[PDB]
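Note: ideal-geometry Cβ built from the backbone for every residue, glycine included; neighbour counts use all protein chains shown. All of the numbers you see were taken from the coordinates with simple rules; none came from a lab.
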Amino acid sequence: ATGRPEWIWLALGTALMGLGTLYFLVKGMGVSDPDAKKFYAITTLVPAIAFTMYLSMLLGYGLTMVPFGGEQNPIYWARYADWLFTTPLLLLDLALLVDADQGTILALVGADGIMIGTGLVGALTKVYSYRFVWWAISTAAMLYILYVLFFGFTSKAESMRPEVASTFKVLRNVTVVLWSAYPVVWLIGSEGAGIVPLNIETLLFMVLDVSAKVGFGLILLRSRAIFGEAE
Ligand SMILES: CCCCCCCC/C=C/CCCCCCCC(=O)OC[C@H](O)CO
Ligand SMILES: CCCCCCCC/C=C\CCCCCCCC(=O)OC[C@H](O)CO
Ligand SMILES: CCCCCCCC/C=C\CCCCCCCC(=O)OC[C@H](O)CO
Ligand SMILES: CCCCCCCC/C=C\CCCCCCCC(=O)OC[C@H](O)CO
Ligand SMILES: *C/C=C(C)/C=C/C=C(C)/C=C/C1=C(C)CCCC1(C)C
């Protein structure tokens, strides 16, 4: 399984996701506040899922070959199985922080499923030019999510506890910057135009994934915003 040069970044990603999961798991022991328990559960599950899918890519299970451009291209399909479940969970963390209404949560999770689903279809599409049609639709769904996080959540966070408002603003900014890089890496990497080779593309996704999941979680789980206001 070491014949693929990208294996070193899959192994590092597996290890870092695993260590993140164990740290959040141990840190969440003894927490009794029901509000904080919700945030620990959502946030510990995110790196646990990513751990299993990085492991499946490392061992070669989460990889398939897709013919396009007259070549058999290696496509790591396990990323989308990871993102299908972990990106909604991350948006739930943000939505619960600001006490978002139920209709807005459904809009966000539904647009997020369309984003990952069409990205998977584009990844597996065999007609080269059609791959970028799905990329554009997926990116439109992303822009909807980013809009809601700015012109819907930021307006309500400012009317809540100051620790909640400040923590949301930081996590919102982290999320908007990190998530926007994903469509760019896909477009210039092996799934799209093929300008960057697969080993470098895999390194880039690994840095983004660990930052968006473990880095995100470290900021959230250290704030007092996840506990209820109590004496
Ligand atoms: C938190 C502290 C850790 C900070 C870590 C942040 C670093 C992120 C790195 C990124 C991209 C690296 C890209 C390396 C590109 C090498 C490609 C290359 O030069 O190949 C030459 C080619 O053969 C002829 O052009
Ligand atoms: C080397 C280590 C590899 C990485 C570890 C293997 C991960 C796969 C195993 C297990 C699922 C464990 C539980 C995952 C669910 C955690 C949810 C949680 O902790 O919630 C706390 C909440 O407060 C309670 O009500
Ligand atoms: C709050 C919601 C919590 C949700 C928790 C769910 C976490 C599931 C994790 C992992 C395994 C993913 C396995 C995906 C199975 C794919 C198998 C498959 O279809 O392979 C086809 C063929 O055999 C080969 O190409
Ligand atoms: C819209 C309301 C919310 C506002 C939130 C602000 C965040 C905006 C950021 C990004 C979108 C992603 C852009 C990806 C498009 C890159 C395509 C490109 O320019 O590639 C050119 C060429 O192919 C290569 O040299
Ligand atoms: C845990 C990993 C995270 C937060 C992954 C985020 C992934 C995305 C925001 C993916 C976006 C994509 C597009 C908008 C278009 C091209 C295909 C995708 C799926 C990479």
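Could you list, in sequence order, all residues of region 22-68 that are more than 15 Å from the chain's Cα centre (by Cα), among the β-branched types (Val, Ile, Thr) and closer than 30 Å to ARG4 by Cβ?
If we filter region 22-68 for residues that are more than 15 Å from the chain's Cα centre (by Cα), which is where we start, we get 22-41, 55-68.
This time we only want the ones that are among the β-branched types (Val, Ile, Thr), so: 26, 31, 64, 66.
Matches in region 22-68: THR64, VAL66.
Exactly one of (1) surrounded by 15 or more Cβ atoms within 10 Å (Cβ to Cβ); (2) in contact with a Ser or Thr (Cβ under 6 Å, 6 or more places away or on another chain) is unmet by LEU25. Its number?
The number of the failed condition is (1).
Which of the residues belonging to region 76-133 are of a type in the set (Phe, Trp, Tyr), within 14 Å of ligand 5 (Cβ to nearest atom) and over 19 Å from the mean Cα position of the chain (by Cα)? Reasoning before the result, please.
Within region 76-133, the subset of a type in the set (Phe, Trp, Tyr) is 76-77, 80, 83, 85, 128, 130, 132.
From what's left, within 14 Å of ligand 5 (Cβ to nearest atom): 76-77, 80, 83, 85, 130, 132.
Of everything in region 76-133, those that are of a type in the set (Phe, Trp, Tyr), within 14 Å of ligand 5 (Cβ to nearest atom) and over 19 Å from the mean Cα position of the chain (by Cα) turn out to be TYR130, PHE132.
Out of region 112-134, which residues are part of a helix (DSSP H, G or I) and more than 12 Å from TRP77 (Cα to Cα)?
Once the filter is applied, which keeps residues that are part of a helix (DSSP H, G or I) and more than 12 Å from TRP77 (Cα to Cα), region 112-134 yields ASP112, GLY113, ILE114, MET115, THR118, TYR128, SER129, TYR130, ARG131, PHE132, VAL133, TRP134.
Answer yes if at least one residue in region 62-71 is in contact (Cβ under 8 Å) with a residue 12 or more places away in the chain, polar (S, T, N, Q) and within 9 Å of ligand 3 (Cβ to nearest atom), and no otherwise.
yes
Take the residues of region 40-56 that are surrounded by fewer than 24 Cβ atoms within 10 Å (Cβ to Cβ) and either charged (D, E, K, R) or more than 8 Å from ligand 2 (Cβ to nearest atom) (or both): which is nearest to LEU90 (Cα to Cα)?
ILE42
Going through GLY215, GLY113, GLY228, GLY119 one at a time, which residue ends up being surrounded by 17 or more Cβ atoms within 10 Å (Cβ to Cβ), among the small types (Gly, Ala, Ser) and touching a residue at least 12 places away in the same chain (Cβ under 8 Å)?
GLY119
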